[PDB]
Structure formats: structure tokens, C-alpha cells
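So the protein lines, in turn, are chains A and B. Quick note on our numbering: the first sequence kicks off at 1 and runs consecutively. Quick note on our numbering: the second sequence kicks off at 443 and runs consecutively. Idealized CB from N, CA, C, for every residue including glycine. Worksheet: one structure, shown below.
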Amino acid sequence: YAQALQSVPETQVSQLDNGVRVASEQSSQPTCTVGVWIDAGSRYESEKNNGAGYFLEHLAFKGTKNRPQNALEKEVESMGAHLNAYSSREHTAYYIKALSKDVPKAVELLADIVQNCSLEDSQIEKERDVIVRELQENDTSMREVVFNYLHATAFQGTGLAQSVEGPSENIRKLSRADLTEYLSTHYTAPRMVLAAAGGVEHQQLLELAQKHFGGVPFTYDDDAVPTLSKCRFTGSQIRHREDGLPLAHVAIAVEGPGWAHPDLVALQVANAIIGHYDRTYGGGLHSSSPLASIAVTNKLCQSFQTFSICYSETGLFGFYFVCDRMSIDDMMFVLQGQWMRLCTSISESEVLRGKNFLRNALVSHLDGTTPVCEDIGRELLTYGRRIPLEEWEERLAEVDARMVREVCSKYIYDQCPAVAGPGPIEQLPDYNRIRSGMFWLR
Amino acid sequence: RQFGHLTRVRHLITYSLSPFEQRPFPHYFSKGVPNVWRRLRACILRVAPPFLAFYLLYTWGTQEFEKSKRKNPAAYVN
Numbered sequence: 001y002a003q004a005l006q007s008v009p010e011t012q013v014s015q016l017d018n019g020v021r022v023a024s025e026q027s028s029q030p031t032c033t034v035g036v037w038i039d040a041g042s043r044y045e046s047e048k049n050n051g052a053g054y055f056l057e058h059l060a061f062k063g064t065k066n067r068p069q070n071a072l073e074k075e076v077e078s079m080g081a082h083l084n085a086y087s088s089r090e091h092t093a094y095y096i097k098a099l100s101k102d103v104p105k106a107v108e109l110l111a112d113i114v115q116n117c118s119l120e121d122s123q124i125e126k127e128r129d130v131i132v133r134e135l136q137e138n139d140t141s142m143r144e145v146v147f148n149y150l151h152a153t154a155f156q157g158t159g160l161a162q163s164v165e166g167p168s169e170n171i172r173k174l175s176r177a178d179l180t181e182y183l184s185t186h187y188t189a190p191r192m193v194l195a196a197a198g199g200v201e202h203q204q205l206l207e208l209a210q211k212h213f214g215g216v217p218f219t220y221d222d223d224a225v226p227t228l229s230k231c232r233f234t235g236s237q238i239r240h241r242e243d244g245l246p247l248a249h250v251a252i253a254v255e256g257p258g259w260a261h262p263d264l265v266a267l268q269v270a271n272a273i274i275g276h277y278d279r280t281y282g283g284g285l286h287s288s289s290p291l292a293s294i295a296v297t298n299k300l301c302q303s304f305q306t307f308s309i310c311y312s313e314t315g316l317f318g319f320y321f322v323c324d325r326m327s328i329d330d331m332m333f334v335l336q337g338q339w340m341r342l343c344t345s346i347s348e349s350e351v352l353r354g355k356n357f358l359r360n361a362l363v364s365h366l367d368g369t370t371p372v373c374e375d376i377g378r379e380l381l382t383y384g385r386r387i388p389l390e391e392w393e394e395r396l397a398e399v400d401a402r403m404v405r406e407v408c409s410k411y412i413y414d415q416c417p418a419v420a421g422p423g424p425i426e427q428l429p430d431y432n433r434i435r436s437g438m439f440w441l442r
Numbered sequence: 443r444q445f446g447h448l449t450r451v452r453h454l455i456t457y458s459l460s461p462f463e464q465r466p467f468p469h470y471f472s473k474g475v476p477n478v479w480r481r482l483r484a485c486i487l488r489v490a491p492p493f494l495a496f497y498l499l500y501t502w503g504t505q506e507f508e509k510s511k512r513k514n515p516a517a518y519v520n
């Protein structure tokens, strides 16, 4: 096993005199996947600039000037490659997955987008009303709105608080320009990463990137990556009630450390211990995760999940559950209680499993090519380099009970959390109450 | 009556901050004191009147009494 980790192929990385960092992992695999992961997002958007990164993602495929729509797609389809991607708050990417026999072809394609997007003013005015609809859809996904609102209040006033999607008013008025104003501003090599995994031979990649990414940095600026304005965490709540809904969602959380921080490990292990439930499972007998157990015994929630969504310099360590208009309270109580237990009297026998549970997701986090690239894509971008499963291993193969306690308490005990809840929540008690739920009557 | 069975409430977004992230003190001299007066002056003309009226009826009543006690220099001029 440990030998399995060790025998795992190191990841190659080397940047350009340009700025791009080119890394990737090699295997036997005929197939592969490759992508450019920009340090771009919504967080990087303004009050009138909010949306672009998206409105963008949405035209990032409809063509380039070199090869308009019908052709790009036709060139992509025709070769059997899958060009997919996203755009978060501090992370955007565009990956393709071909047969490795296309590294140089995929790579070019990549470059031709991140650099030259048609942005056909006529293509835009359509994607405009497309998003405005696609947004109206994102909307009844209470499973999400509940998170944005969480951000909305959790980081109220700052850049994170703005949703990756952006207000309707902006998407209704973004200019042919503003998009380009976004592209040319953030889409730069120093903040972009060319990563891939499959059967590829690094050098061949390099040269192709080093070949299609003929970027040239004059000024000292161009070679420098701006650090972002710190976002003020604001223990508070935001309630979008509506007893008209099947059920209510609740999401509460404390400020997260930020990728960098070594504790995100022990912390990650934390979330391992209470994990998540979801009525389909098969376990009123579940592992320690009482939140799970108790969730069953007393039919607390339809589903609950723990999360340590983190960013560059901040984060959101919490939990989110969905429950009938009626059992909302008992749930919080039982749940929030767990946090306490967690960082007041957690045991070794517990952390033991936690770890292994993480070590399982730790591994399965890297299941295939696309996913591997993700980490590489990410790793570098947010951490600085690539964290080997051999490393993560030790990182979290050395977290003892007393360490979890010391950690969670450090970020949960008597901290002012941010709660978010849409739906028939008449039953969720005020703040003070869920607030004094942060300290255990030890 | 308990919680969760009170009212059919739709579309009410409320935002409130932890007490530790805000200040209880509050904003006296800005909104604070102002509203206080906004009220002394609002009901003063609705509360005080009757009390004032009593007062009079009290004083009047007392003085008069204290008077009906003193002799009429002319209950016997002879």
C-alpha cells in the first residue's frame, strides 16, 4: 500500500519565461484530459463588473476568430474530445479530454480560447437571454441558493459575497467590451496553469504550450499577480422564508483558514467524523457520525453535508441540511451540538476512522484523468505546487484526537457563525440561540 | 401555541448580524435620542393634559379648603 503511494508517478512542472506553469502526470492511459486553470473568478469582479467571468465561460466555446463557431465545435466534436469547464469565485478552468494523441491539437485549441474568443456581438446578445434564463433555473435549486445567500451574508460587503453568476441587471447590460475588459485583464499566463493527465510525455506538452502560448511579458506588472482584497467575515444570518416550499434548507458556518493553512488537514478530518447523511443510505446504525445516526433515529433531515469550502486567504467551514418544515430545530440542535462534542470530547477511535475515510476520498478524489488534472490544475494555483497522495497521507496520517479538538475548537468554539436558510423555517430559533449553541456548557 | 405552526409567511428576507459583530451601545445622538423626543413630542399633548387638569383641580381644591378655614374679618365687625 504505502508502497503503492510511493510508486505513484511524480508530477512534472515547469513554467515559461512567459509565466504559465506547465505541469501534469503520466500513466499508460490512451486517453487523457488537459486544461488551463485561470486564477479568475467572480471575486475578481466589480459592482458593475460582476457576471463577466460567467457570461464569458458561456462564449468561451462558441468560437474564436481563427476558427469561428461551426468549425471549433466541428473540430472538437469530429475528434471526439470533450471540452468542458467552469468558473467559481476564485477559480476558473477549461479542460478537454482526448486520446493523448491530440496533446498538441487540444493544447492549441485551449490557447485559442483563453486568448481569442469570437465574442460575436451577435452571439452575446443571445447568450445574454440564455443566462438570464439559465439563471432563473439556478434559482429554484434551493440546494444552491442557500449557499450563495450563505456567502452573501457570511462575507457580506466584500467580493466573495457576489455570486459567481452575477445580478440580472449586469447580465442584462454587459457590453461586448466589458467581457473583453475581463479577458485581457485576468486571462494571463502567470495566473494560468496548463495541466494534464493520461499518457502524455511532459516535454511534448511543454513544447506545444511553449509553442501555442507565445505570450510575451514586457513590464514588471505583466509578470506580477495581484493579491486580493481581504474579505471580512461577518457572523450573521440571512433568512429567505417561504412556507410555500416543500422544505427548508439551513447552512451555518465559521470562517475558514485558507488553502495555505496546514490545519485545513486536521480540519478536513473533522468533517470526516460527522460526514453526511441522505435518506437513501442504509444506516440508522451508521458509523460514529451520530449526526447521521441521530438523523435517522429521530428522522431529523432529508440530507445533511459537512463542508470546508476554502479559498485563497479565507474559508467557510460549516454544515448544510435539508429538513421538513417541522424537524428543523431538533436537527440544528443535534447537529450544532456535534460540532461541540467534536471539539470538546472527540476520541481517538473516532479520528482513526475519520482519517481512513478521508484517505478513501483522498484517493478517489483522483479517479481518472479529468479529476487528476483538476488537482494539478488546482494544487499549483492555490497551494503553489502539487501535493502528492504520499504527502496528503502523512499530513492527515498524523492527526490525533487531541489535534482535532485543538483545531475545531480553534475555529468553532464561541465563534459567531453565519447561518442561511430559505424555506418554511418558522421553526428555526433566532440567532442568539443558535449562537449560544457554539459554546458547550462544559 | 409552539413554533413552526404560526403563520404562512412567504418571501421575507431578513438579515441580522451576530451581536458581537455589531454594537449594542447603538447610535444615540443619531437615531437614538432623536426618536425619544420624536415621542415625548407626540404624546405629551395627549397624556399631560389630563394630568395637568388634575393638578389644577388638586391645587384649587386645596387652597379653597385652606381658605374656608380662615376667618372672615367681618363675621363680627361688632
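- Look at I455 of chain B: its C-beta is under 8 Å from a C-beta on chain A.
- For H249 of chain A, the enclosing beta strand (DSSP E) has its first and last residue at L247 to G256.
- Between the stretch 403-410 of chain A and the stretch 227-242 of chain A, the count of Cβ pairs shorter than 8 Å is below three; the stretches do not touch.
- A straight-line Cα-Cα distance of about 9 Å links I387 of chain A and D375 of chain A.
- For the stretch 458-485 of chain B, the beta-carbon criterion of a distance under 8 Å to any beta-carbon of chain A is satisfied by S458, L459, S460, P461, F462 and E463.
- Annotation for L482 of chain B: the continuous alpha helix (DSSP H) segment containing it runs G474 to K509.
- 8 Å or more divides the Cβ of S472 of chain B from the Cβ of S236 of chain A.
- Scanning A:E242, A:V34, A:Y277 and A:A361 for the CA closest to the CA of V146 of chain A turns up A:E242.
- Judged by their CB atoms, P371 of chain A and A253 of chain A are not nearer to each other than the 8 Å cut-off.
- Counting along the chain, the unbroken alpha helix (DSSP H) around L5 of chain A starts and ends at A2 to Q6.
- Between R452 of chain B and chain A, the shortest Cβ-Cβ separation is below 8 Å.
- Proximity of chain B to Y431 of chain A at the Cβ level (cut-off 9 Å) is accounted for by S458, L459, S460 and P461, in chain order.
- Going by C-alpha positions, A295 of chain A is about 28 Å away from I455 of chain B.
- Neighbourhood of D139 of chain A in chain B, by CB distance below 7 Å: empty, with the nearest CB roughly 13 Å away.
- Look at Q136 of chain A: its C-beta is not under 8 Å from any C-beta on chain B.
- In the DSSP annotation of this structure, the continuous segment of the alpha helix (DSSP H) that includes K105 of chain A starts and ends at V103 to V114.
- Here DSSP, grouped into helix, strand and coil, assigns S349 of chain A to helix.
- Spatial neighbours of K74 of chain A in its own chain (CB-CB distance under 8 Å, excluding positions within 5 residues in sequence) are not present.
- Here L72 of chain A is not bridged, per DSSP, to any residue.
- Here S27 of chain A really is in contact with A197 of chain A; their C-beta atoms are around 7 Å apart, less than 8 Å.
- Within the stretch 249-262 of chain A, not one residue has a Cβ closer than 9 Å to any Cβ of chain B.
- With contacts defined as CB atoms closer than 8 Å, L247 of chain A and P424 of chain A qualify as a contacting pair.
- Closest by C-alpha distance to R450 of chain B, out of A:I412, A:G244 and A:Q203, is A:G244.
- Under the Cβ distance rule, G446 of chain B counts among the residues neighbouring chain A, one pair being separated by less than 8 Å.
- Against chain B, a Cβ distance below 7 Å from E169 of chain A picks out nothing, because the smallest value is about 18 Å.
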